[PDB]
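A short worksheet on the structure shown next.
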Amino acid sequence: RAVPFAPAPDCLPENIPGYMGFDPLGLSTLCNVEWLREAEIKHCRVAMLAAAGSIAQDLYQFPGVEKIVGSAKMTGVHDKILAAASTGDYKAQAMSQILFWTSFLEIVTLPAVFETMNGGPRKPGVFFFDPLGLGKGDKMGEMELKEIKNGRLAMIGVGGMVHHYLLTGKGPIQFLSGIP
Amino acid sequence: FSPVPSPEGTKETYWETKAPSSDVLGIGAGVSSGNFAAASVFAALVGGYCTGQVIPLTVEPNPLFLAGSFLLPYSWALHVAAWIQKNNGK
Amino acid sequence: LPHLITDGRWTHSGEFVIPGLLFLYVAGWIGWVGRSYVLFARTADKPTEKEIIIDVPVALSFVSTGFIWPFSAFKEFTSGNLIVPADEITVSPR
Amino acid sequence: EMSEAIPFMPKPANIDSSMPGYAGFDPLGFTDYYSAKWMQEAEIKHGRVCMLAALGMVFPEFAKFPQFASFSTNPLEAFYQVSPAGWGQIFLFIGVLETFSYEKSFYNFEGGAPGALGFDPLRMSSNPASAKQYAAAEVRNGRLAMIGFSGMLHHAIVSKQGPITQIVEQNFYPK
Amino acid sequence: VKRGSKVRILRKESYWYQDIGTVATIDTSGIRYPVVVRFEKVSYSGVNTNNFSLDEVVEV
Ligand code: CLA
Ligand code: CLA
Ligand code: CLA
Ligand code: CLA
Ligand code: KC2
Ligand SMILES: CC1=C(C#C/C(C)=C/C=C/C(C)=C/C=C/C=C(C)/C=C/C=C(\C)C#CC2=C(C)C[C@@H](O)CC2(C)C)C(C)(C)C[C@H](O)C1
Ligand SMILES: CC1=C(C#C/C(C)=C/C=C/C(C)=C/C=C/C=C(C)/C=C/C=C(\C)C#CC2=C(C)C[C@@H](O)CC2(C)C)C(C)(C)C[C@H](O)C1
Ligand SMILES: CC1=C(C#C/C(C)=C/C=C/C(C)=C/C=C/C=C(C)/C=C/C=C(C)/C=C/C2=C(C)CCCC2(C)C)C(C)(C)C[C@H](O)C1
Numbered sequence: 047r048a049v050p051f052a053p054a055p056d057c058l059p060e061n062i063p064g065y066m067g068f069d070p071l072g073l074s075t076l077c078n079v080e081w082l083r084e085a086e087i088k089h090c091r092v093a094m095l096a097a098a099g100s101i102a103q104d105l106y107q108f109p110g111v112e113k114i115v116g117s118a119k120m121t122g123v124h125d126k127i128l129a130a131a132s133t134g135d136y137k138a139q140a141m142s143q144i145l146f147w148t149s150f151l152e153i154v155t156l157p158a159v160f161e162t163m164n165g166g167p168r169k170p171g172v173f174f175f176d177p178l179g180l181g182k183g184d185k186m187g188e189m190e191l192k193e194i195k196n197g198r199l200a201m202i203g204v205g206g207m208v209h210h211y212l213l214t215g216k217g218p219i220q221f222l223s224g225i226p
Numbered sequence: 041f042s043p044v045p046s047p048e049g050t051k052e053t054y055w056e057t058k059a060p061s062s063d064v065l066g067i068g069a070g071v072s073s074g075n076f077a078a079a080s081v082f083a084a085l086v087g088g089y090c091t092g093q094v095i096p097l098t099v100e101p102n103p104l105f106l107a108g109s110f111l112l114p116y117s118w119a120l121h122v123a124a125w126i127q128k129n130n131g132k
Numbered sequence: 095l096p097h098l099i100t101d102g103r104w105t106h107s108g109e110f111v112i113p114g115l116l117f118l119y120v121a122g123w124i125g126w127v128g129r130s131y132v133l134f135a136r137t138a139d140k141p142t143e144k145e146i147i148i149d150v151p152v153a154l155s156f157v158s159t160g161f162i163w164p165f166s167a168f169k170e171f172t173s174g175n176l177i178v179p180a181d182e183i184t185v186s187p188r
Numbered sequence: 042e043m044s045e046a047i048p049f050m051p052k053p054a055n056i057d058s059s060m061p062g063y064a065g066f067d068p069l070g071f072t073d074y075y076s077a078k079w080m081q082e083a084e085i086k087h088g089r090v091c092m093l094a095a096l097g098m099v100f101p102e103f104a105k106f107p108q109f110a111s112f113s114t115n116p117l118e119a120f121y122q123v124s125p126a127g128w129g130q131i132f133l134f135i136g137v138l139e140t141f142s143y144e145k146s147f148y149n150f151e152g153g154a155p156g157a158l159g160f161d162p163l164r165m166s167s168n169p170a171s172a173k174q175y176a177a178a179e180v181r182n183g184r185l186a187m188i189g190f191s192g193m194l195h196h197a198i199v200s201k202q203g204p205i206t207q208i209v210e211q212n213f214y215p216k
Numbered sequence: 002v003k004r005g006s007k008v009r010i011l012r013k014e015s016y017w018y019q020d021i022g023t024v025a026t027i028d029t030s031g032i033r034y035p036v037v038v039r040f041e042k043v044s045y046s047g048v049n050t051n052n053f054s055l056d057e058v059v060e061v
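If you read the sequences in order, they're chains k, R, F, a and E. For the first sequence, the entry's author numbering begins at 47 and goes up steadily by one. Quick note on numbering: the second sequence equals residues 41 to 112, 114, 116 to 132 in the entry's author numbering. For the third sequence, the entry's author numbering begins at 95 and goes up steadily by one. For the fourth sequence, the entry's author numbering begins at 42 and goes up steadily by one. For the fifth sequence, the entry's author numbering begins at 2 and goes up steadily by one.
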């Protein structure tokens, strides 16, 4: 129990991974636990990609994007790419491809969440995607909870990175570098 | 007064339970309640989007948006099938 | 010629809505009072003689009661004394 | 036995002291002809909706949402300002919540306590004695909220302002 | 039933079907319709009494 003042909900299983017992408002009771776990894991992965993207975008740019995008931007990049796609430029169709492929993956992984909710053999979050085998092979390490801790950090971190540049023109590396 | 014929494959569909037997879904008798529920929301969103995109109708409507607009009523039948399958344990 | 607006708008309620409320108060009074007398006459020595020779003092006791027919009749309804169940009513064999 | 609320009138049989807000006030026997449990669920449901609405009239006056800052303080004006699309989103949210109540009634009506949709995230009222106070308070505040919302709504019609604003200008009398 | 009791008629073609009569006599022989029931309403023929059985007569 993270907070002794507010108890951990009984519905939350102690055995499930990543459990610190921090549910002060007891939101676990309202929704299915397995679905809540899956939503958390999926949110962590999407957030982790978004935050590194923010840092990497400042440090490195792929060739030729400089013409189609403003020199320093974050969500502005999305708007800029969309502006050229709506304009009719062939080259700036990045958004449609990302949307299409992520959507296709979501469509074909759709039965997994429902199947786990019906007590299916796969546990929440394991799509068995370990080609290298090094990270999750055999006994494994603390990497299973490492993903959860880094993912939660990524969620709030994305929130911070996005919220900055909304009130300012500074990007992630720039805002870290100089603070006013 | 004489035997009334029915097509081959006619089965009994009268129900007094909470939900009808999955046979009332025809070819969709084996689809899961999650799959109807996700198809229900998907058809509702895509059908509503396609319907909205052609509300001022012109002499040149996009045929894909017309065809996609038929997903809105189809979603109603999908969520009914989702309730039937959830209450049959599928 | 004057025309009457009867769609329910309040600027014109004096043409149908208020005459209609007055009517329904009087009509429900008459119905409640007549019903009270037929139920009284059923408990009489000769129930059918009370309907061709009306017991005028009792019938006047009833006509005075009708001024609160909405409350009396709804309490009659909820206490299970207005509506008789379907299985005490004679019907055709069908 | 006689009703506590009306001394000269008798006690209606269907209502009982165990029920959370019981005062014995049923001059017309609605419970006599209609299930007590259903009427209890209806009373609590109406009370919850009115409780939210009654706060809803006063709250925008103190501080409106940033998106809706332009929107009129007066509640009745605000109703028309909201987009049909926005009301559709609100209706869908209420519908999603009402699916739970739809299951609770009809499917599982006999069991449970009236008004219980399982919404106890903070796990308050786990102990029965504490629960009794909380339940009684909920029913009573809902009753006050119902009368209060009806008052606020009709008075907003007469003077077009939020309740806090009406108190400021004291336009309390037809004139 | 017994003589003098009030009964609800269950013969679907009776004029007094689902109405109340009172039992006058009950025969003890091999009679098909041994219960004699009198009513306060007259039928369309102006008769106010009729014979019944035991499956078409229920005490109230
Ligand atoms: C939510 C995540 C997200 C989103 C919406 C965007 C969106 C965008 N990025 Mg950013 N980016 C991201 C993550 C993201 N990026 C990540 C994770 C990185 C690497 C650290 C980058 C690095 C990056 C650079 C260097 C540049 C962009 C640029 C752009 C724009 C053009 C598209 C492009 O070239 O991307 C390119 C993005 C990549 C090549 C990153 C792909 C990383 C993949 C997803 C990792 C996959 C790992 C694993 C094997 C996958 C598992 C699959 C499993 C789920 C089945 C567009 C607005 C361009 C731009 O105009 O910026 C100004 C540009 O030059 N991005
Ligand atoms: C910190 C990041 C992190 C970590 C530790 C993990 C860890 C894990 N994931 Mg998750 N995952 C992540 C990010 C992460 N993931 C993201 C962003 C995606 C979307 C592309 C996924 C998608 C994903 C799927 C679909 C699955 C997993 C699974 C797993 C587990 C087994 C495989 C393994 O050992 O991976 C080890 C992974 C790492 C050590 C990540 C390394 C990344 C490098 C070293 C750093 C990041 C580079 C990045 C591009 C930016 C560079 C810097 C930039 C700012 C300039 C393990 C618990 C699998 C599972 O649970 O079942 C077996 C599974 O099925 N993950
Ligand atoms: C006060 C006694 C009384 C009451 C409560 C009712 C009640 C009813 N009648 Mg009946 N009815 C009555 C007398 C009464 N009727 C008499 C005397 C006649 C012969 C003319 C009828 C002929 C009649 C027909 C033909 C029909 C009804 C119908 C109805 C129903 C709907 C209301 C209606 O259509 O009124 C209509 C009323 C009339 C057409 C005639 C009423 C004539 C006067 C105004 C009523 C009698 C007053 C009485 C003398 C009271 C004296 C009280 C005093 C001694 C204290 C309702 C069950 C209708 C029905 O079944 O719908 C469900 C229907 O089709 N009634
Ligand atoms: C029946 C209730 C009801 C209704 C119909 C409305 C209707 C309206 N409100 Mg009001 N409002 C209400 C209650 C209500 N409100 C309450 C209770 C509050 C206090 C939080 C507010 C605060 C409020 C503000 C600050 C503003 C409005 C505004 C508006 C308008 C636009 C829609 C909007 O933003 O609503 C907002 C409505 C809400 C946020 C209430 C949602 C409450 C949900 C339904 C229940 C939540 C229960 C509880 C928190 C559960 C917690 C779970 C736990 C685990 C944490 C519209 C006329 C806006 C406007 O145009 O002003 C004129 C505006 O700026 N409302
Ligand atoms: C609501 C979402 C939100 C999130 C999740 C979030 C998270 C983080 C994290 C977590 C990863 C860090 C490490 C971080 C750090 C700083 N934030 Mg913060 N932050 C959020 C919102 C805002 C706003 C609205 C402002 C703001 C500020 C600063 C400054 C001050 C620098 C300065 O004084 O200039 C610093 C160092 C202000 C700023 O941007 O000033 C222009 C200010 O406007 N933040 N922030
Ligand atoms: C899963 C797995 C695979 C994989 C993979 C992948 C793609 C793994 C990627 C993992 C990633 C991308 C992790 C990134 C996390 C980001 C964080 C914590 C940022 C927080 C930002 C903060 C706190 C901030 C800030 C601030 C600054 C700087 C700027 C200001 O303006 C704003 C602010 C002040 C708020 C591989 C391929 C290895 C195979 C393997 O078999 C399985
Ligand atoms: C359920 C649940 C919880 C919860 C919760 C919540 C949010 C509960 C909300 C409760 C609320 C919103 C109660 C509001 C009541 C309003 C009243 C009584 C107004 C009366 C107005 C009157 C009398 C008036 C008037 C007027 C008259 C007529 C004349 C006018 O001219 C002027 C005037 C204005 C004076 C939480 C989330 C903690 C978790 C927990 O685990 C379970
Ligand atoms: C591209 C696109 C868009 C977009 C977009 C995006 C990416 C929007 C993202 C918005 C996000 C992530 C908002 C969340 C903000 C608040 C956070 C993260 C607070 C976290 C911490 C909390 C609650 C407390 C934590 C806690 C602390 C303090 C310690 C104790 C414990 C605890 C209580 C848990 C736009 C909008 C720009 C438009 C554009 O046209 C198209």
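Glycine is no exception: its CB is placed at the ideal position from the N, C-alpha and C atoms.
Is residue 121/R a contact residue of ligand 5, with contact defined as CB to any heavy atom under 7 angstroms? For the purposes of this step, residue 121/R is taken as the residue at position 79 of the second sequence. Taken from the Cβ of residue 121/R, every heavy atom of ligand 5 lies 7 angstroms or farther away.
Check the DSSP bridge columns for residue 43/a and list the partner residues they point to. Here residue 43/a is taken as the residue at index 2 of the fourth sequence, counted from 1. Answer by DSSP bridge pairing, in chain order: 51/a.
Should residue 115/a go down as buried or exposed, given a rule of 16 or more other Cβ atoms within 10 Å for buried? Here residue 115/a is taken as the residue at index 74 of the fourth sequence, counted from 1. When all chains shown are included, residue 115/a counts as buried.
Beta carbon of residue 204/k, beta carbon of residue 121/k: below 8 angstroms? By one-based count along the first sequence, residue 204/k stands at place 158. By one-based count along the first sequence, residue 121/k stands at place 75. In this structure, residue 121/k does not lie closer than 8 angstroms to residue 204/k by Cβ.
Can you name the start and end residues of the alpha helix (DSSP H) that residue 148/k belongs to? Walking along the first sequence from the start, residue 148/k turns up at place 102. That run of the alpha helix (DSSP H) goes 140 to 154.
Cutoff 8 angstroms: residue 13/E Cβ touching any chain F Cβ: One-based indexing of the fifth sequence puts residue 13/E at position 12. Residue contact check for residue 13/E against chain F: a CB pair falls below 8 angstroms.
Listing by chain order, which chain a residues have their CB less than 7 angstroms from the CB of residue 213/k? The sequence position of residue 213/k within the first sequence is 167, counting from 1. Correct list: empty, because the minimum Cβ distance to chain a is about 14 angstroms.
Does at least one heavy atom of ligand 1 sit under 7 angstroms from the Cβ of residue 219/k? Counting from one through the first sequence, the residue named residue 219/k turns up at place 173. It does not: the Cβ of residue 219/k is nowhere closer than 7 angstroms to a heavy atom of ligand 1.
Given that residue 181/F touches chain E, what residues does it touch there, using C-beta distances under 9 angstroms? Locating residue 181/F in the third sequence gives position 87, where the first residue counts as 1. Residues of chain E passing the Cβ test: 9, 19.
Closer than 8 angstroms is the cut-off here; do at least three beta carbon pairs connect the stretch 85 to 93 of chain R with the stretch 50 to 64 of chain R? Between the stretch 85 to 93 of chain R and the stretch 50 to 64 of chain R there are fewer than three inter-stretch CB-CB distances shorter than 8 angstroms, so the stretches are not counted as touching.
Following a CB-centred definition, is residue 127/k positioned closer than 7 angstroms to any heavy atom of ligand 1? What you label residue 127/k is simply residue 81 of the first sequence in a count that begins at 1. Yes; taking the cut-off as 7 angstroms, the Cβ of residue 127/k has a heavy atom of ligand 1 nearer than that.
Confirm the yes/no value for this check: CB of residue 127/F, any heavy atom of ligand 3, distance under 7 angstroms. Translated into positions along the third sequence, residue 127/F becomes position 33. For residue 127/F, the shortest C-beta to heavy atom distance toward ligand 3 is below 7 angstroms.
Report whether the distance from the Cβ of residue 142/a to the nearest heavy atom of ligand 4 is below 7 angstroms. Walking along the fourth sequence from the start, residue 142/a turns up at place 101. No, Cβ of residue 142/a sits at least 7 angstroms from all heavy atoms of ligand 4.
Can you find a CB in chain k that lies within less than 8 angstroms of the CB of residue 74/R? As a position in the second sequence, residue 74/R is number 34, starting the count at 1. With a threshold of 8 angstroms between beta carbons, residue 74/R makes contact with chain k.
Could you please give the first and the last residue of the uninterrupted alpha helix (DSSP H) stretch that includes residue 196/k? The sequence position of residue 196/k within the first sequence is 150, counting from 1. Run containing residue 196/k: 189 to 209, per the alpha helix (DSSP H) assignment.
Which residues, in chain order, does the stretch 147 to 167 of chain a contribute to contact with chain k at a C-beta distance below 8 angstroms? In summary, the residues of the stretch 147 to 167 of chain a whose CB is separated from some CB of chain k by less than 8 angstroms are 159, 160, 161, 162, 163, 164, in the order they occur in the chain.
Counting pairs of Cβ atoms below 8 angstroms between the stretch 112 to 126 of chain a and the stretch 2 to 22 of chain E, do you hit three or more? Output reads no: the stretch 2 to 22 of chain E does not touch the stretch 112 to 126 of chain a.
Backbone secondary structure at residue 126/R - three-state DSSP: The residue you call residue 126/R lines up with position 84 of the second sequence. Look at residue 126/R here: in three-state DSSP terms it is helix.
Simplified DSSP assignment, three categories, for residue 79/k: Taking the first sequence and counting its residues from 1, the one referred to as residue 79/k is at position 33. The answer is helix: DSSP assigns residue 79/k an H, G or I state.
C-beta neighbour in chain F for residue 228/a, strict 8 angstroms: Since the first and last residues shown for chain a are 42 and 216, residue 228/a lies out of range.
Residue 50/E - partner residues in DSSP beta bridges: Taking the first residue of the fifth sequence as 1, we reach residue 50/E at position 49. For residue 50/E, which the question treats as bridged, DSSP gives the partners 39/E.
Cβ-heavy atom distance, residue 230/k to ligand 2, below 7 angstroms: It is not possible to answer for residue 230/k, since the shown part of chain k is limited to 47 through 226.
What residue ranges within the stretch 79 to 161 of chain a form continuous alpha helix (DSSP H) runs of no fewer than 4 residues, ordered along the chain? Scanning the stretch 79 to 161 of chain a for uninterrupted alpha helix (DSSP H) segments of 4 residues or longer gives 116 to 122, 125 to 148, listed from N- to C-terminal end.
For residue 181/k, verify whether its CB is less than 7 angstroms away from any heavy atom of ligand 6. Position 135 of the first sequence, counting from 1, holds the residue named residue 181/k. Indeed, a heavy atom of ligand 6 lies less than 7 angstroms from the Cβ.
So, are the CB atoms of residue 167/F and residue 126/F less than 8 angstroms apart? On the third sequence, position 73 is the one that residue 167/F refers to. On the third sequence, position 32 is the one that residue 126/F refers to. Yes, Cβ-Cβ distance for residue 167/F and residue 126/F is below 8 angstroms.
Supposed close pair residue 34/E, residue 52/E - CB separation, criterion 8 angstroms: Counting from one through the fifth sequence, the residue named residue 34/E turns up at place 33. Counting from one through the fifth sequence, the residue named residue 52/E turns up at place 51. Between residue 52/E and residue 34/E the Cβ distance is about 4 angstroms, and since that is below 8 angstroms, they are a contact.
Between which two residues does the beta strand (DSSP E) harbouring residue 25/E extend? Along the fifth sequence, read from residue 1 onward, the residue named residue 25/E stands at position 24. 21 to 27 is the span of the beta strand (DSSP E), which, as asked, contains residue 25/E.
Less than 8 angstroms between CB atoms is the rule here; does residue 123/R satisfy it with respect to chain k? Within the second sequence, numbered from 1, the residue matching residue 123/R stands at position 81. No, residue 123/R lies away from the interface with chain k (no Cβ there is under 8 angstroms from its Cβ).
With three or more C-beta pairs closer than 8 angstroms as the rule, is the stretch 91 to 107 of chain k touching the stretch 189 to 205 of chain k? The answer is yes - the stretch 91 to 107 of chain k touches the stretch 189 to 205 of chain k, with three or more Cβ pairs under 8 angstroms.
What runs of the alpha helix (DSSP H), each 4 residues or longer, lie entirely inside the stretch 78 to 122 of chain k? Fully contained in the stretch 78 to 122 of chain k are the following alpha helix (DSSP H) runs of length 4 or more, in chain order: 79 to 105, 111 to 114.
In the DSSP assignment, what are the bridge partners of residue 58/E? To locate residue 58/E, count along the fifth sequence from 1; it is residue 57. Partner(s): 10/E.
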